[PDB]
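To keep things clear, I will list the structure first and then write my remarks on it.
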Amino acid sequence: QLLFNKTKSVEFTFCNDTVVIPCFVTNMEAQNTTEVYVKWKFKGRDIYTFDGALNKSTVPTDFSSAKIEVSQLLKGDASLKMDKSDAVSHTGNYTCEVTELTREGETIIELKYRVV
Amino acid sequence: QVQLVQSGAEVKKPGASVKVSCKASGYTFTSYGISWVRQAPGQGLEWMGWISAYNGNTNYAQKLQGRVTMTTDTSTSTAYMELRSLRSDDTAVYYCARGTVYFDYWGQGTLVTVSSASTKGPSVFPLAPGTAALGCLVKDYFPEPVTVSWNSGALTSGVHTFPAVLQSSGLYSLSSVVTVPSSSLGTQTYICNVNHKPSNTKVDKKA
Amino acid sequence: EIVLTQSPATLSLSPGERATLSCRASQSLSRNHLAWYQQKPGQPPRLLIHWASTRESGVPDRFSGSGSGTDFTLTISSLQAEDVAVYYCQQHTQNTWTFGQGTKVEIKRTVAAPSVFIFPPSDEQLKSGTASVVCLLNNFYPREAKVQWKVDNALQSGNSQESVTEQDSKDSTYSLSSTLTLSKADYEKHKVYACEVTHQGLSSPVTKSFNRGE
Ligand SMILES: [Zn+2]
Ligand SMILES: [Zn+2]
Ligand SMILES: [Zn+2]
Ligand SMILES: [Zn+2]
Ligand SMILES: [Zn+2]
């Protein structure tokens with residue numbers, strides 16, 4: 001099964017033009033992006049799903065800016081990227097569910113908002 | 001070359017224990033999970049449990065009530081399933097599979113028959129007759145399976161070997177039939193070859 | 001604990017036609033967590049589609065999966081005689097694994113009446129103290145067929161067992177055996193042993209009988 005470089009929390013302010021949520025699989029084995037499935041959860045609702053077999057992204061209305069960098073996936077980078085407009089309204093624990101064909105794994109990362 | 005070779009079929013009495021092995025090859029064993037699925041004869045698939053080949057961590061079906069223990073041996077890339085306190089409900093074919101989310105490679109299955117009956121060889125009786133039919137009656141044998149061939153495999157067209165039925169005595173019984181031209185009754189001679197491996201039984205009978 | 005309800009239980013489609021198999025989920029599922037399996041009689045289950053739409057290498061494109069949330073479907077566009085099997089959907093969600101009850105796909109052909117044969121017990125089995133009378137129904141479709149035993153023109157109940165072969169690859173027909181079991185003393189107490197067969201291809205029931213001693 002998939003293992004992770006776990007980071008407990010990442011925080012953003014107004015200065016961050018874009019906010020990234022890390023996700024790093026340390027034991028991925030896929031030789032092709034068609035074998036990887038990526039899903040992000042916020043409160044029990046799927047926020048971003050990337051079906052590598054279909055090369056299709058799926059995001060709701062209030063997460064339109066959310067996407068990941070597919071070019072970095074084969075190295076284990078499943079980090080979520082979104083515009084800060086979508087980040088401020090939705091702050092909390094994020095689950096990064098990575099699927100490699102039959103193998104699976106998930107990690108919990110809290111996105112925190114700071115103010116100066 | 002990804003293979004999962006399972007251990008041979010076993011016969012057990014109620015209350016006893018059974019252990020089934022699942023030897024893996026063709027892939028890195030500890031990089032994947034292992035799941036177990038069983039299937040009673042003539043029913044659907046029943047998920048039993050999942051085990052990590054790297055860790056040994058397990059998730060068991062709740063309805064099994066802790067009667068099942070799953071282990072792995074990373075020295076031999078082998079998975080094991082042990083079920084204790086067997087009952088007649090546990091008569092099923094047991095499968096091991098590789099995946100975790102889904103299962104992409106399966107073992108050949110292991111038949112585990114749980115009954116109070118004792119191993120017994122079959123009694124073979126003839127079923128004698130445009131088109132004429134004849135066959136052999138394989139009755140009062142335990143456990144399954146039985147194999148029936150006609151003329152050592154020479155005759156296969158029209159051969160119907162029915163699935164075994166469990167009669168109320170705890171023994172199995174089935175019939176094998178074949179339809180042949182009426183004219184060929186004299187020219188050709190028909191024999192059936194019954195093989196009951198769990199009792200070292202080999203019977204050939206005219207019909 | 002997800003429950004996967006699978007509809008229909010049985011499906012009979014003619015060759016070349018399109019089959020639609022449903023798999024309802026009692027709770028919403030993500031698409032990567034639904035997979036489809038094919039199992040032929042006497043063989044281990046074969047994985048067809050994972051992530052609800054992605055078929056495996058070697059799986060023909062005739063099998064396509066779709067759906068989201070609580071509704072998933074497996075579609076066989078041009079049904080072949082090699083597709084006769086039971087199809088299972090499987091889910092995995094947050095440390096839970098369940099299977100659907102399955103859908104048995106059957107090949108449809110023209111109606112064919114059974115050829116009925118009847119076999120008296122061997123004089124040699126009677127030495128063991130029991131008599132087995134066997135009735136054979138060969139190469140019929142559809143599978144539905146009622147076999148009744150009459151001894152001295154008396155309808156029998158509770159002393160016969162049936163067994164049916166799988167659908168034949170060649171002609172897509174079925175064959176059935178029905179065996180009546182009596183003690184030696186009771187068997188010799190009766191004269192006429194009849195096997196009455198009711199099938200859709202038979203305008204009237206067909207009776208094959210014999211007199212004990214011929
Ligand atoms: Zn590697
Ligand atoms: Zn929202
Ligand atoms: Zn036939
Ligand atoms: Zn998940
Ligand atoms: Zn899981």
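For neighbour counting, all protein chains shown are included, and Cβ atoms are generated from backbone atoms with ideal geometry for every residue, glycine included. We did not get these values from a lab; they are worked out from the coordinates using the rules stated.
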- Task: Kindly establish whether C:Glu124 is within 10 Å of another protein chain (Cβ to nearest Cβ) and of a type in the set (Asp, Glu).
- Result: yes
- Item | Boolean, B:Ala92 is touching a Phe, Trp or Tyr at 6+ places or on another chain (Cβ under 8 Å) and more than 16 Å from ligand 4 (Cβ to nearest atom) | no
- Message: Would you confirm whether or not the stretch C:152-161 contains a residue that is assigned to a loop (DSSP other than H, G, I, E, B) and surrounded by 18 or more Cβ atoms within 10 Å (Cβ to Cβ)?
- Response: no
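Mind listing whichever residues of the stretch C:174-214 are within 30 Å of C:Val105 (Cα to Cα), in a strand (DSSP E or B) and touching a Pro at 6+ places or on another chain (Cβ under 7 Å)?
Just the residues of the stretch C:174-214 that are within 30 Å of C:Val105 (Cα to Cα), to begin with: C:174-179, C:196-206.
This time we only want the ones that are in a strand (DSSP E or B), so: C:174-179, C:196-199, C:206.
C:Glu196, C:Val197, C:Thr198, C:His199 - these are the residues of the stretch C:174-214 that are within 30 Å of C:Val105 (Cα to Cα), in a strand (DSSP E or B) and touching a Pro at 6+ places or on another chain (Cβ under 7 Å).
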- Which residue pairs have Cβ atoms under 7 Å apart, sit 6 or more places apart or on different chains, and have a first residue in the stretch C:161-178 that is closer than 19 Å to C:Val84 by Cβ and a second that is in a strand (DSSP E or B) and among the hydroxyl-bearing types (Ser, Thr, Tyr)? C:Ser163/C:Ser177; C:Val164/C:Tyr174; C:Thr165/C:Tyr174; C:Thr165/C:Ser175; C:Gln167/C:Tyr174; C:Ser172/C:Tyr141; C:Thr173/C:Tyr141; C:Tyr174/C:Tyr141
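Every residue, every condition in (1) within 16 Å of ligand 3 (Cβ to nearest atom); (2) under 20 Å from C:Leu176 (Cβ atoms); (3) touching a helix residue (DSSP H, G or I) at 6+ places or on another chain (Cβ under 8 Å); (4) part of a strand (DSSP E or B), yes or no:
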residue: B:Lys139; (1), (2), (3), (4): no, yes, no, yes
residue: B:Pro145; (1), (2), (3), (4): no, no, yes, no
residue: B:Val148; (1), (2), (3), (4): yes, yes, no, yes
residue: B:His160; (1), (2), (3), (4): yes, yes, no, yes
residue: B:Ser169; (1), (2), (3), (4): no, no, no, no
residue: B:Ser173; (1), (2), (3), (4): no, yes, no, yes
residue: B:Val177; (1), (2), (3), (4): yes, yes, no, yes
- Note on the structure: Conditions (1) in a strand (DSSP E or B); (2) under 24 Å from B:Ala132 (Cβ atoms) -> B:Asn195 fails only (2)
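Where in the stretch C:1-110 are there strands (runs of 3 or more DSSP E), lying wholly inside it, with at least 2 residues that are within 28 Å of A:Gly105 (Cα to Cα)? Spell out how you get there, then give the answer.
Values: elements: C:4-7, C:10-13, C:19-29, C:34-39, C:46-50, C:63-76, C:86-92, C:97-99, C:103-107.
Strands (runs of 3 or more DSSP E) meeting the threshold: C:4-7, C:19-29, C:34-39, C:46-50, C:63-76, C:86-92, C:97-99.
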- Query: How many of the residues in the stretch B:95-153 are within 8 Å of another protein chain (Cβ to nearest Cβ), under 17 Å from B:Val11 (Cα atoms) and surrounded by 24 or more Cβ atoms within 10 Å (Cβ to Cβ)?
  - Reply: 1
- Just to be sure, is C:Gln101 surrounded by fewer than 19 Cβ atoms within 10 Å (Cβ to Cβ) and within 30 Å of B:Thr58 (Cβ to Cβ)? yes
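Quick check: is even one residue across the stretch A:41-50 away from ligand 4 (no atom under 16 Å from the Cβ), touching a helix residue (DSSP H, G or I) at 6+ places or on another chain (Cβ under 6 Å) and not acidic (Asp, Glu)?
Start the filter on the stretch A:41-50 by keeping residues that are away from ligand 4 (no atom under 16 Å from the Cβ), which leaves none.
Scanning the stretch A:41-50, I find no residue that is away from ligand 4 (no atom under 16 Å from the Cβ), touching a helix residue (DSSP H, G or I) at 6+ places or on another chain (Cβ under 6 Å) and not acidic (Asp, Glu), so the answer is no.
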- A careful count of residues in the stretch C:49-72 that are crowded, with 17+ Cβ neighbours inside 10 Å and within 10 Å of another protein chain (Cβ to nearest Cβ) gives 7
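Report whether or not C:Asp171 is surrounded by fewer than 20 Cβ atoms within 10 Å (Cβ to Cβ) and part of a helix (DSSP H, G or I). Explain how you work it out, then say what you get.
Details: surrounded by fewer than 20 Cβ atoms within 10 Å (Cβ to Cβ): yes; part of a helix (DSSP H, G or I): no.
Criteria not met by C:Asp171.
Please find, among B:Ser75, B:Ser52, the residue that is over 24 Å from A:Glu100 (Cα atoms) and either more than 16 Å from ligand 1 (Cβ to nearest atom) or within 13 Å of chain A (Cβ to nearest Cβ) (or both).
Checking each option against the conditions leaves just B:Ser75.
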- Which residues, taken from the stretch A:75-116, are more than 14 Å from every other protein chain (Cβ to nearest Cβ), surrounded by 19 or more Cβ atoms within 10 Å (Cβ to Cβ) and part of a strand (DSSP E or B)? A:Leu80, A:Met82, A:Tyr94, A:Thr107, A:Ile109, A:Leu111
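Looking at A:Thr58, A:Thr18 in this structure, which one is more than 16 Å from ligand 5 (Cβ to nearest atom), farther than 30 Å from B:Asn55 by Cα, within 14 Å of chain C (Cβ to nearest Cβ) and within 15 Å of the chain's Cα centre (by Cα)?
Answer to the selection: A:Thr58.
Let's see how each residue does on (1) within 16 Å of ligand 5 (Cβ to nearest atom); (2) surrounded by fewer than 20 Cβ atoms within 10 Å (Cβ to Cβ):
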residue	(1), (2)
B:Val5	no, yes
B:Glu10	no, yes
B:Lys23	no, yes
B:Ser35	yes, no
B:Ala40	no, yes
B:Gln43	no, yes
B:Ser52	yes, yes
B:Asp73	no, yes
- Go through the residues of the stretch C:104-115 one by one and say whether even a single one is over 30 Å from C:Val151 (Cα atoms), more than 16 Å from ligand 2 (Cβ to nearest atom) and within 13 Å of chain B (Cβ to nearest Cβ). yes
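Out of B:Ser35, B:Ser31, I need the residue that is closer than 28 Å to A:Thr99 by Cα, in contact with a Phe, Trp or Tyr (Cβ under 9 Å, 6 or more places away or on another chain) and within 16 Å of ligand 1 (Cβ to nearest atom). Which one?
Details: B:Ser35 fails: within 16 Å of ligand 1 (Cβ to nearest atom).
Only one candidate passes the filter, namely B:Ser31.
Residues of the stretch A:33-69 being assigned to a helix (DSSP H, G or I) and either buried (at least 16 other Cβ atoms within 10 Å of the Cβ) or among the charged types (D, E, K, R) (or both), which ones?
Here is the first cut: in the stretch A:33-69, the ones assigned to a helix (DSSP H, G or I) are A:33-35, A:61-63.
Once the filter is applied, which keeps residues that are assigned to a helix (DSSP H, G or I) and either buried (at least 16 other Cβ atoms within 10 Å of the Cβ) or among the charged types (D, E, K, R) (or both), the stretch A:33-69 yields A:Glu35, A:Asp62, A:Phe63.
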